[PDB]
C-alpha cells in the first residue's frame, strides 16, 4: 500500500523556520514524483511546487517562490521545506501530493497535513 | 481563476453532479481530474485524464467536460457521502503557470 | 469542359510526416535537423489530427489550397524555441533567433507550425539539452548551417581558450520549468520549404487519377497546375531536366504526363 509520512503538528511562530518531511512508501522513490499543495480554511487551495525524485531538482510556483526550499535525497526518501519570515497569515495546513510524470498532472496520493 | 462551482443538498437515491467554471487556459486546453473528499478524511483521486476513472474507483460514477464546464456525476448520491468537492486542473496563464483548485461550495 | 482529367504521379506511400511530427526528441536551434521527404503522397489530415496548433501561419500558399498542389522538394526542419520568440521565425523579423540562431529567407513559400510543448517536452529540472547562442561573429545567412560552438570574446583581447569578462561562454542552454509562464514555456516548431517549378514533383496530395483523352477539350490538372484546353500529341523534344515548357507569353504550353512519360501540348 502507498503510504506517505506526515510531519507532526507544529506551533506557529512569526519570524521562524520550520521543516516538514514526507517519507514515501509503497513504491520506489525515484520513479514517481512528489509535489505539495496547501489549504487555508475560509479560502481556496494552493499548490507549492514539484520536486524531482531521481534527479532531485525542484520547480516552485512563482506565487510563493523563494520563501520555501525543497531538496530531494535518495536515502532519506523524503523532501524538506524551509520557511523564511513566517508570517501569521501564511501559517496553514500543507498537504503532500504524489503523482507520476509531469504530464501526469493527476496526483494519486495525498498528505495528511499539519494543523493546530 | 478558481472554479466557482455550485451549492448542493443531497437527496437519497438521486443522481447528482458538480460543475466547474474556469477559463479556456485553465480547463479548456488542459485536462482535469477530480478529488472526492469527506470531512476528517484525506483527499481521494476520483477521475483520471478527464475522461475515465482510475483503477479501483467504482464504475457507477461517470464524468465529462464541456468547455469551461466539467460535470462530475455521482450515481445515486447519498447525503452521508455528500460533501463539498473541488476541481483540480493545470493553469498556464500569462507569466504564471500552476495547479489551480476551485473549492466548491460547502456541502 | 466535356470532362475533367486529373493525373498525378501514380506512386503512393504514407509520407513520413507522422514520424517527423511525432519524434520523441527534437533538435535545438543550434542545429536544425533537416530531413528530406519524397516519394510519398502528402496527407495533412494527420497534421490536423495532431495537437491543436498555437500558430499555423503559412506563406506563398494557403492551407485550403495546400492539398491540391504538388510540391517538388519538401524539407521539414524541426527545433525548439522560446514561446516569447515564436513570432520571430517569420522572415522579415529580427530577434535572438533571427540574429544568431537561424534565419528564414524572405521569399519563403512554406508552413510554420508551433504547439505548446510543456506537456511533455518540459522537465522540472529543466531541459538543458536544448541550447541557443547569444553571440556570433556576424549575422547568420538564411538557410545556412552553423554547428560550431567555439569560445567567443566580445573584447579585443583574444581568448586563446580562456573564458573571462568580455569573453562570454559560447552557448546558453535554457532549462524549461513547468512553472514558467506561457511566454517562457518551450515550443515545438516545424518549418516546411516548398518548390513548385522546373523539378519533378514526387510529393503530391491524395487526389487519385483518371487517364487523359487526347484531342478533347478538358479542364485538366497536371501536378497541381490548373489549366483547361485540348490535349494534343506533340513532337517537340524535352530533356529529362525540364518537365513542363513555356512560351514567349510566359504561360505553359507543354507538359510531360507523370504516369506515362510523354510530352503533351497545352494549346487552347
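Residue numbering: from 1, along the chain as shown.
Using N, Cα and C of the backbone, Cβ positions are placed for all residues, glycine too.
Of the candidate ranges C:198-220, C:221-243, Swiss-Prot annotates residues C:198-220 with the feature region 'Disordered'.
For residue C:70 (disulfide bond), other Cβ atoms within 10 Å of its Cβ number 23. With a threshold of 8 Å between CB atoms, the same-chain residues lying at least 6 positions outside the region 'Disordered' (C:198-220) that come near it are 1-11, 15, 37-44, 66-74, 226-233, 241-243, 257-259, 264.
With respect to Cβ neighbours within 10 Å, the disulfide-bonded residues C:15, C:111, C:159, C:204 differ, and C:159 shows the lowest count. The two recorded residues residue C:58 (disulfide bond) and residue C:22 (N-linked glycosylation site) have their Cα atoms spaced 20 Å from each other. For the pair formed by residue C:10 (N-linked glycosylation site) and residue C:2 (O-linked glycosylation site), distance between Cα atoms is given as 24 Å, rounded to the nearest Å. Residue counts of the region 'Disordered' (C:198-220) by helix, strand and coil are 0 helix, 6 strand, 17 coil (DSSP-based).
Ranked by CA distance from residue C:167 (disulfide bond), the recorded positions C:4, C:15, C:40, C:111 have C:111 at the top as the closest.
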